[PDB]
Amino acid sequence: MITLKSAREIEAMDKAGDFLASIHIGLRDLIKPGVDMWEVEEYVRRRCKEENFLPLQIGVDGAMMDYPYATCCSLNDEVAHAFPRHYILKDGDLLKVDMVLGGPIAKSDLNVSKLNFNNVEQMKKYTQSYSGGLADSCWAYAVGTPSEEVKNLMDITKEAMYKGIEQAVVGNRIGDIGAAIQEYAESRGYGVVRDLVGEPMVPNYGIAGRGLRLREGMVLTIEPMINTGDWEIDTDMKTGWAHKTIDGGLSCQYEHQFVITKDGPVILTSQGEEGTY
Amino acid sequence: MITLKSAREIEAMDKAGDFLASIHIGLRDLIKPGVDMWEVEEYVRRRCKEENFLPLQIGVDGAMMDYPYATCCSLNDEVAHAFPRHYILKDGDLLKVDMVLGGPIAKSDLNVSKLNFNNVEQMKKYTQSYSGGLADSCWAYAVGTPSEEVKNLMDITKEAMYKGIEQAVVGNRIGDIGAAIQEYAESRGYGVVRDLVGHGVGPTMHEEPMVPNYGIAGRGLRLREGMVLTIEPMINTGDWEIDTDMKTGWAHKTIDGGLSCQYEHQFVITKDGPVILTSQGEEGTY
C-alpha cells in the first residue's frame with residue numbers, strides 16, 4: 001500500500017527493524033560449515049518467543065499450501081522463498097535468510113498474545129490478522145570461505161541494492177531506482193530477476209525517470225535478486241514456493257526498508273554501518 | 001495509491017471512462033489510410049473542450065521534457081509513449097492510441113473550471129491535481145487492411161488482456177492475472193514487455209494502480225472487493241527489450257524492430273467478478 005505512514009507507524013517499524021536486524025547479527029555466529037540449516041529457523045523461532053514477536057510468514061497462502069516456516073532459506077541457485085530444512089551447510093555454500101517479523105506486542109485477552117509454546121509448528125492465523133508493525137528483510141551469507149564467484153556476486157547485489165537506495169531521494173521517481181539497480185548489476189554480466197516483480201516494494205529494474213514520484217513518509221523495501229548470467233526463474237512444481245534459477249547460476253539477494261525523508265532515505269532494518277556487512 | 005475506494009468514487013471513473021470510450025469509437029472512422037496522424041490529437045483536443053475534460057498527459061513531469069500531448073500515438077514498432085505528429089497513415093500501419101482524461105468538470109472562477117481555451121500548447125498544470133476522476137486506456141487500431149502478422153498481434157494482445165481480466169476475481173492474487181496474461185501471449189512465441197511498469201505508471205498518469213502482464217500465480221496482493229485496477233499488455237513479435245528515445249526521453253520502441261501492440265482497460269473488483277469501467281461495446285467485439 002502506497003499511502004503514507006504517520007510517525008508512530010514509522011517508529012513502530014524501526015523497532016521491529018531493530019529486532020530483525022539483531023537476528024541477522026545472531027546469524028553470523030551461526031551460519032557456518034557443518035551446521036544444520038534448520039538451526040536458522042529455530043533461532044528465529046526461539047527469539048520470537050523470547051521477545052514476543054510474530055513470524056508473519058507462517059500461515060500465508062499458496063496455490064498448493066500455506067507457508068509453513070517463519071523463515072525462507074534460499075540456498076545457492078535457489079533465488080527466493082525456499083524452505084529451511086534438515087541440511088548440513090557446506091563451506092562454499094551461499095545461503096539467504098528472508099523473514100518478516102511482527103511486534104513487539106504485549107499480552108492480554110483474546111487480542112494481545114503471550115504467544116509462547118502455542119504450536120509454531122501448526123497453522124494458526126493470529127498472523128494474517130496483522131501484528132501492528134513488522135519488517136521483511138533478507139540478508140545473504142557465505143558459509144565458510146566463498147569462491148570469487150560468490151564474493152563478487154555478493155558485492156554487486158549489495159552495492160546494487162545500496163545504489164538503489166542512493167536514488168531514494170525525495171522529489172524523484174521509483175523509475176530512478178530500478179534503473180540504477182538495473183544498470184549496476186547488468187553492467188557486469190549479472191542478470192537481474194524480473195518474474196517476481198517486487199506492503200509496497202520497489203522493482204530492481206525500470207526505465208529511469210519513469211515511475212511513481214516519491215514523497216516524504218513512504219516506506220519502501222529494496223530486494224535485489226541477481227544471477228550469474230541469466231535471469232529466468234522456476235517455481236517449484238510440487239510446493240509452488242521455492243524458486244531456483246533456470247541456467248543453474250547462483251542468485252543473491254539483499255533487502256532493507258527505508259523512509260523517504262528530506263535529508264535523504266533512512267533505514268530501519270540496519271545492522272549497523274552500511275556496506276560493512 | 002494501491003488502496004480501496006469510495007462507491008461514488010468508482011462511479012466517477014465509469015462516467016469518466018464513458019467519455020474516453022466514446023472518443024475511441026469516434027476514432028474508428030477517423031483512423032484511415034491517407035489521414036494525417038496529427039488529427040488524432042486535434043480530435044481528442046477538440047472533444048476535450050466540448051465537454052470539460054482535461055487531457056492530463058500534458059504537463060506530466062519528465063526528464064528531457066514534460067509530456068506535451070493529449071495522446072500517445074504509438075506506431076508499429078513503437079511500443080509506448082510516442083507523440084502524435086504529422087504522419088500520413090499508410091494502409092497496414094498498426095497504431096496504438098493512449099489517453100488520460102479527467103472529469104467531467106463544471107465551470108467558473110473559484111468553484112470548478114472552464115476549459116475552452118487554455119491554449120493546450122502551454123505549461124498547463126491544473127492537470128497535476130486530482131482532476132475529479134478519470135481514465136487511462138490505450139487502444140489499438142489497424143489502418144486500412146492489416147497484414148496477417150498484424151491481425152494476430154492485435155488479436156493475441158486483445159485476448160490475453162481479457163484472459164487477464166477473467167482472473168481479477170475477489171480472492172485471487174495479482175500474480176494469477178499477470179501469469180495468465182504472460183502465458184497466453186508467450187505460447188505463440190510473442191514477447192511480453194517487462195522493462196516498464198512505471199511501477200504504478202505515474203508516467204503519463206497520476207498515482208493509479210497497475211497490474212503487470214507477467215508473474216507467478218502467487219506473488220502479489222490478494223485482491224479484495226472495491227479495488228480498481230488498469231491492465232495493459234505491451235506485446236511484441238519477438239523481442240521484449242525496448243528503446244527509450246534519447247532526444248526527448250519518452251518513446252519506447254522494440255529493440256529488434258519487431259511490431260508491438262497494446263490494449264488497455266480498467267475495472268472494479270466486484271463480487272460478480274470484475275466489472276470493466278472503460279468499455280466501448282461488448283467485449284471481444286471491437
# chains A, B, ... in the order shown; residues from 1 in each chain; ligands from 1
>>> closest_atom_pairs(of="chain A", to="chain B", cutoff="6 Å", atoms="only C-alpha atoms", output="tab-separated table")
residue	atom	partner	partner_atom	distance
A:1	CA	B:2	CA	5.1
A:2	CA	B:1	CA	4.8
A:3	CA	B:1	CA	5.8
A:195	CA	B:215	CA	5.1
A:196	CA	B:215	CA	6.0
A:206	CA	B:195	CA	5.2
A:210	CA	B:198	CA	5.2
A:211	CA	B:198	CA	4.0
A:212	CA	B:202	CA	4.6
>>> write_last_selection(atoms="C-alpha atoms", output="PDB file, in the first residue's frame")
ATOM      1  CA  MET A   1       0.000   0.000   0.000  1.00  0.00           C
ATOM      2  CA  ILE A   2       1.359   3.398  -1.229  1.00  0.00           C
ATOM      3  CA  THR A   3      -0.433   5.819   1.136  1.00  0.00           C
ATOM      4  CA  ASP A 195       9.474 -12.599 -12.678  1.00  0.00           C
ATOM      5  CA  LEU A 196       8.656 -11.770  -9.005  1.00  0.00           C
ATOM      6  CA  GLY A 206      12.718   0.059 -14.859  1.00  0.00           C
ATOM      7  CA  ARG A 210       9.518   6.764 -15.321  1.00  0.00           C
ATOM      8  CA  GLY A 211       7.591   5.778 -12.162  1.00  0.00           C
ATOM      9  CA  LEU A 212       5.680   6.954  -9.031  1.00  0.00           C
TER      10      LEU A 212
END
>>> select_by_dssp(residues="stretch 105-220 of chain B", states="alpha helix (DSSP H)", output="PyMOL selection string")
chain B and resi 148-167+174-186+198-201
>>> residues_around(residues="residue A:249", least_positions_apart="5", cutoff="10 Å", atoms="only C-alpha atoms", output="PDB file with N, CA and C atoms, in the first residue's frame")
ATOM      1  N   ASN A  76      22.124 -21.192  -2.551  1.00  0.00           N
ATOM      2  CA  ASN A  76      22.794 -21.234  -3.864  1.00  0.00           C
ATOM      3  C   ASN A  76      21.967 -20.766  -5.079  1.00  0.00           C
ATOM      4  N   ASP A  77      21.568 -21.714  -5.926  1.00  0.00           N
ATOM      5  CA  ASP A  77      20.857 -21.392  -7.157  1.00  0.00           C
ATOM      6  C   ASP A  77      19.380 -21.134  -6.865  1.00  0.00           C
ATOM      7  N   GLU A  78      18.978 -21.437  -5.635  1.00  0.00           N
ATOM      8  CA  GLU A  78      17.678 -21.054  -5.154  1.00  0.00           C
ATOM      9  C   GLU A  78      17.682 -19.560  -5.016  1.00  0.00           C
ATOM     10  N   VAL A  79      16.683 -18.929  -5.628  1.00  0.00           N
ATOM     11  CA  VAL A  79      16.566 -17.489  -5.693  1.00  0.00           C
ATOM     12  C   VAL A  79      15.907 -16.988  -4.435  1.00  0.00           C
ATOM     13  N   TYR A 190      26.030  -9.930 -14.700  1.00  0.00           N
ATOM     14  CA  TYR A 190      24.977 -10.403 -13.792  1.00  0.00           C
ATOM     15  C   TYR A 190      23.579 -10.063 -14.317  1.00  0.00           C
ATOM     16  N   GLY A 191      22.685 -11.045 -14.284  1.00  0.00           N
ATOM     17  CA  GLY A 191      21.328 -10.841 -14.772  1.00  0.00           C
ATOM     18  C   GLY A 191      20.403 -10.653 -13.602  1.00  0.00           C
ATOM     19  N   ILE A 226      19.843 -10.984  -8.009  1.00  0.00           N
ATOM     20  CA  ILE A 226      20.781 -11.035  -9.109  1.00  0.00           C
ATOM     21  C   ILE A 226      21.327 -12.442  -9.322  1.00  0.00           C
ATOM     22  N   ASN A 227      21.502 -12.785 -10.595  1.00  0.00           N
ATOM     23  CA  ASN A 227      22.012 -14.065 -11.016  1.00  0.00           C
ATOM     24  C   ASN A 227      23.287 -13.883 -11.814  1.00  0.00           C
ATOM     25  N   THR A 228      24.088 -14.949 -11.796  1.00  0.00           N
ATOM     26  CA  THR A 228      25.203 -15.126 -12.705  1.00  0.00           C
ATOM     27  C   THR A 228      24.620 -15.410 -14.074  1.00  0.00           C
ATOM     28  N   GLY A 229      24.868 -14.489 -14.992  1.00  0.00           N
ATOM     29  CA  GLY A 229      24.384 -14.615 -16.361  1.00  0.00           C
ATOM     30  C   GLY A 229      22.897 -14.359 -16.517  1.00  0.00           C
ATOM     31  N   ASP A 230      22.105 -15.413 -16.328  1.00  0.00           N
ATOM     32  CA  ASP A 230      20.740 -15.437 -16.838  1.00  0.00           C
ATOM     33  C   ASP A 230      19.662 -15.307 -15.773  1.00  0.00           C
ATOM     34  N   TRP A 231      18.544 -14.674 -16.150  1.00  0.00           N
ATOM     35  CA  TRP A 231      17.538 -14.134 -15.192  1.00  0.00           C
ATOM     36  C   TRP A 231      16.209 -14.911 -15.034  1.00  0.00           C
ATOM     37  N   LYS A 244      14.204 -21.667  -8.097  1.00  0.00           N
ATOM     38  CA  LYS A 244      15.603 -21.843  -8.463  1.00  0.00           C
ATOM     39  C   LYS A 244      15.869 -21.030  -9.736  1.00  0.00           C
TER      40      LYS A 244
END
>>> select_by_dssp(residues="stretch 65-265 of chain A", states="strand (DSSP E)", output="NGL selection string")
:A and (71-75 or 78-80 or 94-102 or 134-136 or 139-142 or 191-192 or 219-222 or 225-227 or 243-244 or 251-253 or 256-259)
>>> write_last_selection(atoms="N, CA and C atoms", output="tab-separated table (two decimals), in the first residue's frame")
chain	number	residue	atom	x	y	z
A	71	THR	N	10.74	-18.53	8.31
A	71	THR	CA	11.93	-18.12	7.65
A	71	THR	C	11.88	-18.71	6.24
A	72	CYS	N	12.52	-18.05	5.28
A	72	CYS	CA	12.82	-18.65	3.98
A	72	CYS	C	14.32	-18.82	3.89
A	73	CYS	N	14.78	-20.01	3.51
A	73	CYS	CA	16.22	-20.27	3.38
A	73	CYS	C	16.63	-20.68	1.96
A	74	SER	N	16.86	-19.68	1.11
A	74	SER	CA	17.25	-19.94	-0.26
A	74	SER	C	18.74	-20.12	-0.33
A	75	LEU	N	19.11	-21.30	-0.78
A	75	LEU	CA	20.48	-21.73	-0.84
A	75	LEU	C	20.95	-21.78	-2.30
A	78	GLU	N	18.98	-21.44	-5.63
A	78	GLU	CA	17.68	-21.05	-5.15
A	78	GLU	C	17.68	-19.56	-5.02
A	79	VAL	N	16.68	-18.93	-5.63
A	79	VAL	CA	16.57	-17.49	-5.69
A	79	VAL	C	15.91	-16.99	-4.44
A	80	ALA	N	14.70	-17.48	-4.17
A	80	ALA	CA	13.92	-16.99	-3.03
A	80	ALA	C	12.80	-17.91	-2.64
A	94	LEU	N	26.23	-20.61	-0.43
A	94	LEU	CA	25.62	-19.30	-0.37
A	94	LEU	C	24.18	-19.48	0.07
A	95	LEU	N	23.81	-18.79	1.16
A	95	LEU	CA	22.54	-19.01	1.86
A	95	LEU	C	21.85	-17.68	2.13
A	96	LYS	N	20.56	-17.61	1.81
A	96	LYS	CA	19.81	-16.39	2.01
A	96	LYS	C	18.70	-16.64	3.01
A	97	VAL	N	18.56	-15.73	3.96
A	97	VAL	CA	17.58	-15.88	5.03
A	97	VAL	C	16.60	-14.72	5.00
A	98	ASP	N	15.45	-14.89	4.36
A	98	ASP	CA	14.41	-13.86	4.40
A	98	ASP	C	13.52	-14.20	5.57
A	99	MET	N	12.86	-13.17	6.10
A	99	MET	CA	11.85	-13.32	7.15
A	99	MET	C	11.09	-12.03	7.31
A	100	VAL	N	9.87	-12.12	7.84
A	100	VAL	CA	9.07	-10.96	8.21
A	100	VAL	C	8.57	-11.21	9.61
A	101	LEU	N	8.95	-10.34	10.54
A	101	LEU	CA	8.52	-10.45	11.94
A	101	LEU	C	7.67	-9.28	12.38
A	102	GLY	N	6.67	-9.54	13.20
A	102	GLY	CA	5.77	-8.51	13.71
A	102	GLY	C	5.81	-8.37	15.23
A	134	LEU	N	5.95	-4.43	11.47
A	134	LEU	CA	6.70	-5.60	11.01
A	134	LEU	C	7.99	-5.21	10.28
A	135	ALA	N	8.66	-6.19	9.65
A	135	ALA	CA	9.72	-5.94	8.64
A	135	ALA	C	10.09	-7.22	7.88
A	136	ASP	N	9.91	-7.24	6.54
A	136	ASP	CA	10.58	-8.23	5.67
A	136	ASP	C	12.03	-7.78	5.71
A	139	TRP	N	18.84	-11.27	4.04
A	139	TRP	CA	20.26	-10.98	4.03
A	139	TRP	C	21.00	-12.23	3.69
A	140	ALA	N	22.04	-12.08	2.89
A	140	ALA	CA	22.81	-13.21	2.38
A	140	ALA	C	24.09	-13.42	3.16
A	141	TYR	N	24.52	-14.69	3.18
A	141	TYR	CA	25.69	-15.13	3.95
A	141	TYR	C	26.51	-16.21	3.19
A	142	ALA	N	27.83	-16.01	3.09
A	142	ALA	CA	28.73	-17.04	2.56
A	142	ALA	C	29.14	-17.92	3.69
A	191	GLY	N	22.69	-11.05	-14.28
A	191	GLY	CA	21.33	-10.84	-14.77
A	191	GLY	C	20.40	-10.65	-13.60
A	192	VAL	N	19.45	-9.73	-13.71
A	192	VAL	CA	18.53	-9.47	-12.60
A	192	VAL	C	17.24	-10.25	-12.83
A	219	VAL	N	7.25	4.36	3.06
A	219	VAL	CA	8.26	3.37	3.44
A	219	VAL	C	8.27	2.24	2.41
A	220	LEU	N	9.46	2.02	1.86
A	220	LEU	CA	9.64	1.10	0.76
A	220	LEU	C	10.64	0.06	1.15
A	221	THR	N	10.73	-0.99	0.33
A	221	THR	CA	11.74	-2.01	0.52
A	221	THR	C	12.47	-2.30	-0.78
A	222	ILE	N	13.78	-2.48	-0.72
A	222	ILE	CA	14.59	-2.80	-1.90
A	222	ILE	C	15.13	-4.21	-1.76
A	225	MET	N	17.42	-9.20	-6.74
A	225	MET	CA	17.69	-10.61	-6.97
A	225	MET	C	18.56	-10.77	-8.21
A	226	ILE	N	19.84	-10.98	-8.01
A	226	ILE	CA	20.78	-11.03	-9.11
A	226	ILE	C	21.33	-12.44	-9.32
A	227	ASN	N	21.50	-12.78	-10.60
A	227	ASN	CA	22.01	-14.07	-11.02
A	227	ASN	C	23.29	-13.88	-11.81
A	243	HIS	N	11.96	-20.94	-5.57
A	243	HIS	CA	12.39	-20.55	-6.91
A	243	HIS	C	13.88	-20.81	-7.14
A	244	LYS	N	14.20	-21.67	-8.10
A	244	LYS	CA	15.60	-21.84	-8.46
A	244	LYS	C	15.87	-21.03	-9.74
A	251	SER	N	22.08	-17.15	-7.31
A	251	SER	CA	21.33	-15.92	-7.09
A	251	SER	C	21.65	-15.39	-5.72
A	252	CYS	N	21.79	-14.08	-5.65
A	252	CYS	CA	21.93	-13.40	-4.38
A	252	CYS	C	20.78	-12.40	-4.23
A	253	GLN	N	20.67	-11.84	-3.02
A	253	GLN	CA	19.54	-11.02	-2.65
A	253	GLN	C	19.81	-10.32	-1.32
A	256	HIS	N	16.47	-4.18	2.39
A	256	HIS	CA	16.20	-3.27	3.51
A	256	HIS	C	14.89	-2.59	3.35
A	257	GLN	N	14.55	-1.81	4.36
A	257	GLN	CA	13.39	-0.95	4.34
A	257	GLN	C	13.76	0.41	4.88
A	258	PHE	N	13.28	1.45	4.21
A	258	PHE	CA	13.73	2.81	4.47
A	258	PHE	C	12.57	3.79	4.44
A	259	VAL	N	12.84	5.04	4.79
A	259	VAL	CA	11.82	6.06	4.70
A	259	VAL	C	12.34	7.21	3.91
>>> residues_around(residues="stretch 26-28 of chain A", least_positions_apart="2", cutoff="12 Å", atoms="only C-alpha atoms", output="PyMOL selection string")
chain A and resi 19-24+30-33+35+37+39-44+46-47+95-98+138-144+271+277
>>> write_last_selection(atoms="N, CA, C and O atoms", output="compact mmCIF listing (two decimals), in the first residue's frame")
# COMPACT_ATOMS: atom_id res chain seq x y z
N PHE A 19 14.86 -5.41 15.90
CA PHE A 19 14.81 -6.82 16.22
C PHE A 19 15.35 -7.65 15.04
O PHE A 19 16.41 -8.27 15.16
N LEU A 20 14.65 -7.62 13.91
CA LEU A 20 15.10 -8.21 12.64
C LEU A 20 16.61 -8.07 12.48
O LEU A 20 17.32 -9.04 12.25
N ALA A 21 17.08 -6.85 12.62
CA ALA A 21 18.49 -6.60 12.48
C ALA A 21 19.28 -7.52 13.39
O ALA A 21 20.26 -8.11 12.97
N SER A 22 18.84 -7.66 14.64
CA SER A 22 19.60 -8.46 15.58
C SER A 22 19.64 -9.95 15.24
O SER A 22 20.70 -10.57 15.43
N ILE A 23 18.54 -10.51 14.74
CA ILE A 23 18.55 -11.92 14.30
C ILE A 23 19.63 -12.08 13.26
O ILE A 23 20.47 -12.97 13.34
N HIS A 24 19.65 -11.17 12.30
CA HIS A 24 20.71 -11.22 11.33
C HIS A 24 22.08 -11.18 11.93
O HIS A 24 23.00 -11.70 11.33
N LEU A 30 26.41 -18.19 13.51
CA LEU A 30 25.73 -19.48 13.37
C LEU A 30 25.82 -20.12 11.98
O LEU A 30 25.94 -21.33 11.85
N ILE A 31 25.74 -19.30 10.93
CA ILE A 31 25.87 -19.82 9.58
C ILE A 31 27.33 -20.16 9.37
O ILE A 31 28.16 -19.28 9.11
N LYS A 32 27.64 -21.43 9.52
CA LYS A 32 29.00 -21.92 9.38
C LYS A 32 29.00 -23.30 8.75
O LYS A 32 27.95 -23.94 8.62
N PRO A 33 30.18 -23.76 8.32
CA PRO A 33 30.22 -25.11 7.75
C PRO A 33 29.82 -26.20 8.77
O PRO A 33 30.16 -26.08 9.95
N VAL A 35 26.83 -27.01 10.08
CA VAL A 35 25.65 -26.79 10.92
C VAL A 35 24.36 -26.98 10.12
O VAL A 35 24.29 -26.70 8.93
N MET A 37 21.15 -26.32 8.51
CA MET A 37 20.43 -25.16 8.06
C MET A 37 19.28 -24.95 9.02
O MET A 37 19.05 -23.84 9.49
N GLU A 39 18.92 -24.85 11.97
CA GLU A 39 19.18 -24.06 13.19
C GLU A 39 18.72 -22.62 13.04
O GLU A 39 18.43 -21.92 14.03
N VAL A 40 18.65 -22.20 11.77
CA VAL A 40 18.22 -20.85 11.37
C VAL A 40 16.76 -20.61 11.69
O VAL A 40 16.38 -19.57 12.22
N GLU A 41 15.94 -21.57 11.31
CA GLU A 41 14.53 -21.49 11.59
C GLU A 41 14.38 -21.41 13.08
O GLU A 41 13.74 -20.49 13.60
N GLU A 42 15.03 -22.34 13.78
CA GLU A 42 14.84 -22.47 15.22
C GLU A 42 15.28 -21.20 15.94
O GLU A 42 14.59 -20.71 16.82
N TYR A 43 16.41 -20.64 15.55
CA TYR A 43 16.84 -19.38 16.14
C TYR A 43 15.76 -18.30 16.06
O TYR A 43 15.40 -17.70 17.06
N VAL A 44 15.22 -18.05 14.87
CA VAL A 44 14.20 -17.02 14.75
C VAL A 44 12.99 -17.45 15.52
O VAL A 44 12.30 -16.63 16.12
N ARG A 46 12.93 -19.35 18.14
CA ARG A 46 13.25 -19.17 19.55
C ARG A 46 13.19 -17.73 19.98
O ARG A 46 12.66 -17.41 21.04
N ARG A 47 13.78 -16.86 19.16
CA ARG A 47 13.92 -15.46 19.53
C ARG A 47 12.58 -14.73 19.41
O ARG A 47 12.38 -13.68 20.00
N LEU A 95 23.81 -18.79 1.16
CA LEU A 95 22.54 -19.01 1.86
C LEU A 95 21.85 -17.68 2.13
O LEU A 95 22.48 -16.73 2.61
N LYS A 96 20.56 -17.61 1.81
CA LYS A 96 19.81 -16.39 2.01
C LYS A 96 18.70 -16.64 3.01
O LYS A 96 17.98 -17.63 2.91
N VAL A 97 18.56 -15.73 3.96
CA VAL A 97 17.58 -15.88 5.03
C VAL A 97 16.60 -14.72 5.00
O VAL A 97 16.90 -13.66 5.55
N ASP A 98 15.45 -14.89 4.36
CA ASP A 98 14.41 -13.86 4.40
C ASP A 98 13.52 -14.20 5.57
O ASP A 98 13.47 -15.36 5.99
N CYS A 138 15.65 -9.82 3.94
CA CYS A 138 16.52 -10.89 3.53
C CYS A 138 17.96 -10.41 3.59
O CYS A 138 18.26 -9.28 3.23
N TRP A 139 18.84 -11.27 4.04
CA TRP A 139 20.26 -10.98 4.03
C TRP A 139 21.00 -12.23 3.69
O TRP A 139 20.65 -13.30 4.17
N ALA A 140 22.04 -12.08 2.89
CA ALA A 140 22.81 -13.21 2.38
C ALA A 140 24.09 -13.42 3.16
O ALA A 140 24.68 -12.47 3.69
N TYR A 141 24.52 -14.69 3.18
CA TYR A 141 25.69 -15.13 3.95
C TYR A 141 26.51 -16.21 3.19
O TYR A 141 25.94 -17.20 2.71
N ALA A 142 27.83 -16.01 3.09
CA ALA A 142 28.73 -17.04 2.56
C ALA A 142 29.14 -17.92 3.69
O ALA A 142 29.86 -17.48 4.59
N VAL A 143 28.69 -19.17 3.67
CA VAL A 143 29.05 -20.13 4.71
C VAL A 143 30.51 -20.51 4.48
O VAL A 143 30.89 -20.92 3.37
N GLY A 144 31.33 -20.34 5.51
CA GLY A 144 32.75 -20.58 5.40
C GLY A 144 33.38 -19.53 4.52
O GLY A 144 33.04 -18.35 4.61
N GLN A 271 21.68 -3.17 10.24
CA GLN A 271 22.51 -3.94 11.18
C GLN A 271 23.82 -3.19 11.52
O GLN A 271 24.81 -3.79 11.95
N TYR A 277 28.90 -4.89 6.14
CA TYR A 277 28.34 -6.21 6.48
C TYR A 277 27.67 -6.88 5.29
O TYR A 277 26.51 -7.27 5.35
>>> atom_distance(atom1="atom CA of residue A:56", atom2="atom CA of residue A:240")
18.5 Å
>>> residues_around(residues="stretch 143-156 of chain B", least_positions_apart="2", cutoff="6 Å", atoms="only C-alpha atoms", output="PDB file with N, CA, C and O atoms, in the first residue's frame")
ATOM      1  N   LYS B  32      -8.015   6.228 -40.919  1.00  0.00           N
ATOM      2  CA  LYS B  32      -7.985   5.631 -42.255  1.00  0.00           C
ATOM      3  C   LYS B  32      -6.626   5.852 -42.896  1.00  0.00           C
ATOM      4  O   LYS B  32      -5.867   6.707 -42.438  1.00  0.00           O
ATOM      5  N   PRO B  33      -6.314   5.115 -43.978  1.00  0.00           N
ATOM      6  CA  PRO B  33      -5.094   5.431 -44.692  1.00  0.00           C
ATOM      7  C   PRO B  33      -5.271   6.747 -45.409  1.00  0.00           C
ATOM      8  O   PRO B  33      -6.407   7.141 -45.681  1.00  0.00           O
ATOM      9  N   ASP B  91      -1.744   2.412 -45.373  1.00  0.00           N
ATOM     10  CA  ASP B  91      -2.557   1.211 -45.191  1.00  0.00           C
ATOM     11  C   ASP B  91      -1.693   0.069 -44.669  1.00  0.00           C
ATOM     12  O   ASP B  91      -0.672  -0.253 -45.288  1.00  0.00           O
ATOM     13  N   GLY B  92      -2.111  -0.537 -43.549  1.00  0.00           N
ATOM     14  CA  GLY B  92      -1.363  -1.627 -42.895  1.00  0.00           C
ATOM     15  C   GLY B  92      -0.539  -1.206 -41.675  1.00  0.00           C
ATOM     16  O   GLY B  92       0.076  -2.054 -41.008  1.00  0.00           O
ATOM     17  N   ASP B  93      -0.509   0.100 -41.386  1.00  0.00           N
ATOM     18  CA  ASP B  93       0.145   0.606 -40.181  1.00  0.00           C
ATOM     19  C   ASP B  93      -0.698   0.207 -38.986  1.00  0.00           C
ATOM     20  O   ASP B  93      -1.934   0.228 -39.055  1.00  0.00           O
ATOM     21  N   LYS B 158      -5.264  -8.472 -27.536  1.00  0.00           N
ATOM     22  CA  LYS B 158      -6.626  -8.179 -27.140  1.00  0.00           C
ATOM     23  C   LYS B 158      -7.085  -9.273 -26.209  1.00  0.00           C
ATOM     24  O   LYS B 158      -7.532  -8.991 -25.109  1.00  0.00           O
ATOM     25  N   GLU B 159      -6.937 -10.523 -26.641  1.00  0.00           N
ATOM     26  CA  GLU B 159      -7.437 -11.671 -25.867  1.00  0.00           C
ATOM     27  C   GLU B 159      -6.706 -11.859 -24.554  1.00  0.00           C
ATOM     28  O   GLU B 159      -7.339 -11.981 -23.497  1.00  0.00           O
ATOM     29  N   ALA B 160      -5.372 -11.887 -24.637  1.00  0.00           N
ATOM     30  CA  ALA B 160      -4.508 -12.021 -23.462  1.00  0.00           C
ATOM     31  C   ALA B 160      -4.959 -11.089 -22.350  1.00  0.00           C
ATOM     32  O   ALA B 160      -5.111 -11.502 -21.209  1.00  0.00           O
TER      33      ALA B 160
END
>>> residues_around(residues="stretch 12-24 of chain B", least_positions_apart="4", cutoff="9 Å", atoms="only C-alpha atoms", output="ChimeraX atom specification")
/B:8,28,43-44,47,53,97,99-104,132-139,266-267,276-281
>>> residues_around(residues="residue A:6", least_positions_apart="6", cutoff="10 Å", atoms="only C-alpha atoms", output="PyMOL selection string")
chain A and resi 12+217-218
>>> write_last_selection(atoms="N, CA and C atoms", output="short mmCIF file (atom, residue, chain, number, x, y, z; two decimals), in the first residue's frame")
data_model
loop_
_atom_site.label_atom_id
_atom_site.label_comp_id
_atom_site.auth_asym_id
_atom_site.auth_seq_id
_atom_site.Cartn_x
_atom_site.Cartn_y
_atom_site.Cartn_z
N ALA A 12 7.15 2.48 15.10
CA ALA A 12 6.76 1.08 15.16
C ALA A 12 7.75 0.20 14.40
N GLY A 217 7.69 10.12 3.90
CA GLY A 217 6.81 9.25 4.71
C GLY A 217 6.42 7.91 4.09
N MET A 218 6.62 7.78 2.78
CA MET A 218 6.55 6.48 2.12
C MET A 218 7.61 5.60 2.75
#
>>> atom_distance(atom1="atom CA of residue A:86", atom2="atom CA of residue A:68")
14.4 Å
>>> decode(residues="stretch 236-246 of chain A", atoms="N, CA and C atoms", output="CSV table (one decimal), in the first residue's frame")
chain,number,residue,atom,x,y,z
A,236,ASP,N,9.0,-24.1,-7.9
A,236,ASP,CA,8.8,-25.5,-7.5
A,236,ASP,C,7.4,-26.0,-7.9
A,237,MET,N,7.4,-27.0,-8.7
A,237,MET,CA,6.2,-27.6,-9.2
A,237,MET,C,5.4,-28.2,-8.1
A,238,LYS,N,6.1,-28.8,-7.1
A,238,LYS,CA,5.5,-29.6,-6.0
A,238,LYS,C,4.9,-28.8,-4.9
A,239,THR,N,5.5,-27.7,-4.6
A,239,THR,CA,5.0,-26.8,-3.5
A,239,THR,C,4.6,-25.4,-3.9
A,240,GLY,N,5.0,-25.0,-5.0
A,240,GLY,CA,4.6,-23.6,-5.5
A,240,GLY,C,5.2,-22.5,-4.7
A,241,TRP,N,6.4,-22.8,-4.1
A,241,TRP,CA,7.1,-21.9,-3.3
A,241,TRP,C,8.5,-21.6,-3.9
A,242,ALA,N,9.4,-22.6,-3.6
A,242,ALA,CA,10.8,-22.3,-3.9
A,242,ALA,C,11.1,-21.9,-5.4
A,243,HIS,N,12.0,-20.9,-5.6
A,243,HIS,CA,12.4,-20.5,-6.9
A,243,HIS,C,13.9,-20.8,-7.1
A,244,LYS,N,14.2,-21.7,-8.1
A,244,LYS,CA,15.6,-21.8,-8.5
A,244,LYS,C,15.9,-21.0,-9.7
A,245,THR,N,17.1,-20.7,-10.0
A,245,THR,CA,17.5,-20.1,-11.3
A,245,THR,C,17.3,-21.1,-12.4
A,246,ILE,N,17.3,-20.7,-13.7
A,246,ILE,CA,17.0,-21.5,-14.8
A,246,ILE,C,18.3,-22.1,-15.4
